[PDB]
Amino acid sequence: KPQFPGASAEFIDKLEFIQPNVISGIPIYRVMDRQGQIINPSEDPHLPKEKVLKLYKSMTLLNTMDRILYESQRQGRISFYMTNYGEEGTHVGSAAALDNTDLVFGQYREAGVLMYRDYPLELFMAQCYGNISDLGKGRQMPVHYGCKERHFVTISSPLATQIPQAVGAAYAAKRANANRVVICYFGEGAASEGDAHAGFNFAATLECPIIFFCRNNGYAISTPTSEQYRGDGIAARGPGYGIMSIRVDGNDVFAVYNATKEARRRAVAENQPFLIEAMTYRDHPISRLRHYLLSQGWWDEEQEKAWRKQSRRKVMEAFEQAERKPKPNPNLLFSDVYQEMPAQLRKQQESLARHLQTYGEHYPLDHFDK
């Protein structure tokens, strides 16, 4: 009987390498088929109509906003934009399964989480425009959203950095003892960074109530997953860290919802991490949910038309007000570097003010506040 502290195991008397099973991987959990039909009645969450309609309206409203801001980017009205196409169901379905005060870390494809938590169109827009309504003060590139009120930690561009941070926040929540989970979104690309390894391992050994939500769409920019990893996706990594793992159909809001609801329930009760890998495309979550609504009698062509019209108008009202707002005062380039402003930073602020008094005609001052 083996006496090694590092591992709990029998002896074996024959040489045998462990082979990965990548050809038949962790199967993909699905609740509804491509026609919006429930496959297995015992798995139906039976979400009420009001809630299912809110999922549908959040996904479509996001998609409307994507269309417009993507065009805005194309004309150089905004400098950058990441869309949410194919990712609407992973984000709205997972968000619906959280408590509203569960803390969210993510990156570029998580606008749907905010949309579900009713973040105003005005504030999505203010950030992309860097205008005076932006609580981010116009400091970051577009789509770098954050909302303290809606427990959505500000996005930063370096990939995977939020993963070990999300673990620290989950640990602090555990100690604070008020029944909260953290969720942390990242793509399959970002899962290759050393920080993913750091976060997964810390969550397991420190026993943190965290959901890791990996969006696997098969691509990181131009890099197919065949160049990204050789195991069975991200889900097969979870068990090697001691993490409970599942793979789900990212086009199925109900599958995403079910897996997130159950991961949240068990993460908070047991203080242990859960890994969800949602398979998406770089057959669509919106049209699948649409088919489901129709079979229930809960949507029709007329409501679809009226909703496309109303959501286009809401987005265009926001878009135009966002474009017409001034940018923040250029003084705001100097605040919040530290909480207080160091005397030497204030001196740099004063030198800018002095500079703009002599040379101001050469700066775009008329677009900026004060």
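Here, rigid core means the biggest group of C-alpha atoms that superpose within 1.5 Å across both forms. We number the residues from 1 along the sequence you see.
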Between 149-157 and 172-180, the one whose CA atoms sit farther away in 7 other deposited structures of this protein (rigid core aligned): 172-180
How do 22-30 and 330-338 compare in 7 other deposited structures of this protein: which one has C-alphas farther from this form after the rigid core is matched? 22-30
Per the entry, how many deposited residues between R282 and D283 lack coordinates? The answer is 10 or more
If you take the mean CA temperature factor per stretch, which one wins between 37-45 and 50-58? 37-45
Would you tell me which stretch averages the higher CA B-factor in the PDB entry, 184-192 or 73-81? 73-81
Which listed residue, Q107, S94, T223, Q127, has the largest C-alpha temperature factor in the record? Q107
Chain third (lowest, middle, highest) by recorded CA B-factor, residue given as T64: middle
Sorting the chain's modelled residues by C-alpha B-factor and splitting them into thirds places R175 in the highest
Record-listed C-alpha B factor of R265: chain third: middle
Check where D102 lands among this chain's C-alpha B-factors and tell me if it's the lowest, middle or highest third. middle
Give the position of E320 by CA B-factor within its chain, expressed as the lowest, middle or highest third. highest
